[PDB]
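Atoms considered below: every heavy atom in the structure, side chains included; atoms not considered: hydrogens, waters and symmetry mates. Naming: A, B, ... by sequence-line order, numbering from 1 per chain.
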Amino acid sequence: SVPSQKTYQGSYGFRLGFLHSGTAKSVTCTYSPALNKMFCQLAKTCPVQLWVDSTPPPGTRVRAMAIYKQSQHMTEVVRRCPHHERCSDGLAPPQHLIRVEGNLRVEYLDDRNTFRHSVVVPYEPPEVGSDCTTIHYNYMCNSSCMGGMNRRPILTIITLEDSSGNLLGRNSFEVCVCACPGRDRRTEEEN
Amino acid sequence: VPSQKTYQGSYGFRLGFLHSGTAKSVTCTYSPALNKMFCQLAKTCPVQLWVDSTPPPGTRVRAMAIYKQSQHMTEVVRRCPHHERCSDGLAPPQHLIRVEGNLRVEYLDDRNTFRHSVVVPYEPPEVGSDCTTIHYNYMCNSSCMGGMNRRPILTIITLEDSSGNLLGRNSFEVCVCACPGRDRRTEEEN
Amino acid sequence: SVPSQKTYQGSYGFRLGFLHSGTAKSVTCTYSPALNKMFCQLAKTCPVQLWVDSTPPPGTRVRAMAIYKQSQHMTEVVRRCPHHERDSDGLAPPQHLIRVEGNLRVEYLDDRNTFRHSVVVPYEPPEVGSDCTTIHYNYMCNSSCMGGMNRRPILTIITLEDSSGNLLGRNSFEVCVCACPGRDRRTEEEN
Amino acid sequence: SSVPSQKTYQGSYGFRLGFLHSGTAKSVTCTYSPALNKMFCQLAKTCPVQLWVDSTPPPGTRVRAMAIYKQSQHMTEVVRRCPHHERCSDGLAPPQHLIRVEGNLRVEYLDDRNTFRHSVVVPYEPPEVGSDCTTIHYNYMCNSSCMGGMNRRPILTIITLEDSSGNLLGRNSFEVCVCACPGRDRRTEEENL
Ligand SMILES: *C[C@@H]1C(=O)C2CCN1CC2
Ligand SMILES: *C[C@H]1C(=O)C2CCN1CC2
Ligand SMILES: *C[C@H]1C(=O)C2CCN1CC2
Ligand SMILES: *C[C@H]1C(=O)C2CCN1CC2
Ligand SMILES: *C[C@H]1C(=O)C2CCN1CC2
Ligand SMILES: *C[C@H]1C(=O)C2CCN1CC2
Ligand SMILES: *C[C@H]1C(=O)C2CCN1CC2
Ligand SMILES: [Zn+2]
Ligand SMILES: [Zn+2]
Ligand SMILES: [Zn+2]
Ligand SMILES: [Zn+2]
């Protein structure tokens, strides 16, 4: 029906972090803590940090899924528009909005019962002298895409799961994929 | 040795596979990274046919296994003596690859190369869908003693017209194993 | 052609298991994982477990055969000492080292060409509560019997075959038949 | 009762346990609480347990470890790994066994044929030249929190010294918590008092 977006830090103290990028014209990805909202460009690197209080064990996986924010649209699967879904696809299904770049162990799922799309990578701990793990996501349509997201806001849900799929952690953030993230962030904050 | 050269041809013939993931319970899962299908003995292994334009009536779709390794490549891929034992329906008992849920299936023992293949009529996608799905079954395990014996194989898929002329070709590696999800997840860890 | 001792799990994921019996004076059979060696008493029950990932068909058979481990003895048939051959249960040939107890469908072979002894039983799936199938082997000579094994080490080769004789899998283990299995395991491990 | 004996006894060799004074820093993988007689440790990591004696036991002496549930309503339940961790093995240990010994090739595992309890045994070796106690490195192979396993029930490890013929010589015990953050979990449990 609808996957849960309820924040769940769980046993490992799972939290998300984001670079402090600002709102200048050069910025290709910028997070608003006031809005809990990422502003990023089509197909460009979006860094997401995983912060934990304890290290989950090897075989832990990190999954990302998008849903529609508005209750009227929430049961609709978030997918790429017909224009963009036309098969640079590498290892990714052409319909999927969310890709991970720079990870050979990436796995993509079409849920056989919910038909929802997700992308999964193995959780790796931070490098020694590092405090967080970084996944580079790419968003493969614009929020404005006719016949896809069509200006409807989306949430990204990031779940930590054990090797059997059981929930260990869940966080979420709103996403706008737009041409001018710095400008769009600064304008959306000024209201 | 049968040609394994990718050939989209005149109708833009491509293969697709479900995005099944690697849950322990999955019956069949394809690794885009390895171009490799992981599936269970005698269970459904869906293969999608995608075309840019519709092949003419009487087009056929053939599947044939060969060994991947150079020094096993002339050897005909067939079931182990244990599994070859009769028990089979429309399929020859020695054939590794079957098609299920197609009453028009045809099986060939090449009288000259002795290779096994399985053929069906090409049907366009059903109402609503963008691809044609063929349910293959692999009737030995990759680890069968006296059969494949842990040796890797490729499946070659060919689109042919009514007269047996080549229209398209593609291929993928196959592992027939107890737990496809685990085995894909493990093989991808390198 | 000395029989093959090469391990094959095969289509059914065939391996061997043994009870974790310890080395107390009272123990009648104990297996050493570090030595891959079973220590047992003359004529006493020696449980050997069959573990499979997938159930082979009814009609599947399980064969045991002993061979000398040392290369210069490998071509000699392993058989009971003169004393011990001269006792029988009424199914076992008096020269066979390995019997199966508590199985009315046991079959014994003297190979027409090699002259090697083996004992076969039907494969049955695990009983309810169990993840493995247990065969009770009896070894009918002592390792030290002069005129039989005469302290020469031996392997038992366990083969899983179908109703038609086709080989499905193989595994093996070393055996010592002795008065005090617990003490001999403890002593041999202590190198 | 049916449950095996937990009562402390130093016996003839004056047998007792010791534990390193490791503190509670975030990096610590195991830490013992003298106030709680309780060892906090991480899944599958080294857990040093010291054997202290007044006189040297004969060669052939053995040191056995066994886990029991602490709470009287669970005491008769055999302690074993959860079904998930049973599926994950060094080839010497049974996959169901909670307690392993690391780095001892003479290790022996027992499944009791009548109690069905698990235990792990090693030979007693005297202290090396320039040491005053023998150290065994235990590994605990399931979390305290594991569902279908300990399921948050506290356990005791019972350490027995026994002769070559199985005669009990001494017995000691300690509570154990297998957790993600031993340092943090020891501090929190000590501050309720
Ligand atoms: C891979 C696993 C197994 O080992 C059996 C068959 C399929 N899944 C679930 C049980
Ligand atoms: C990116 C931008 C849009 O196009 C609408 C949805 C999300 N965000 C606000 C309005
Ligand atoms: C475009 C289409 C194809 O033809 C294959 C690659 C991606 N997509 C599904 C299968
Ligand atoms: C087993 C054998 C038969 O008896 C007929 C069907 C299949 N195979 C060939 C002919
Ligand atoms: C399934 C697995 C095997 O058993 C061999 C062939 C293919 N794959 C790698 C090796
Ligand atoms: C049982 C014991 C013996 O008697 C010799 C052969 C195997 N093992 C070691 C030496
Ligand atoms: C580690 C912790 C737990 O999870 C329960 C048992 C022992 N300790 C206290 C409660
Ligand atoms: Zn788009
Ligand atoms: Zn086979
Ligand atoms: Zn004898
Ligand atoms: Zn566990």
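Side-chain contact between C/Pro56 and B/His82: absent, with no pair of heavy atoms (C-beta onward) separated by less than 4.5 Å. Side-chain contact between C/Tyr12 and B/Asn141 is absent, with no heavy-atom pair separated by less than 4.5 Å.
Counting heavy atoms of neighbouring residues, nucleotides and ligands inside a 6.0 Å radius, atom CD of C/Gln72 exceeds 12 of them. Heavy atoms of other residues, nucleotides or ligands lying less than 6.0 angstrom from CD of C/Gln70 number more than 12.
For chain B, the option among C/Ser11, C/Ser163, C/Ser54 with the highest count of heavy-atom pairs below 4.5 Å is C/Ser11.
Once rounded to the nearest 0.5 Å, the distance linking SG of B/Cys177 with CG of C/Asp53 reads 11.0 Å. Rounded to the nearest 0.5 Å, atoms CZ (B/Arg150) and CD (C/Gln9) are 8.5 Å apart. One distance of note links CG of C/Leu167 with SG of B/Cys80; it measures 11.0 Å at 0.5 Å rounding.
Interface remark: B/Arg85 contributes side-chain atoms only to the contact with chain C (heavy atom separation under 4.5 Å).
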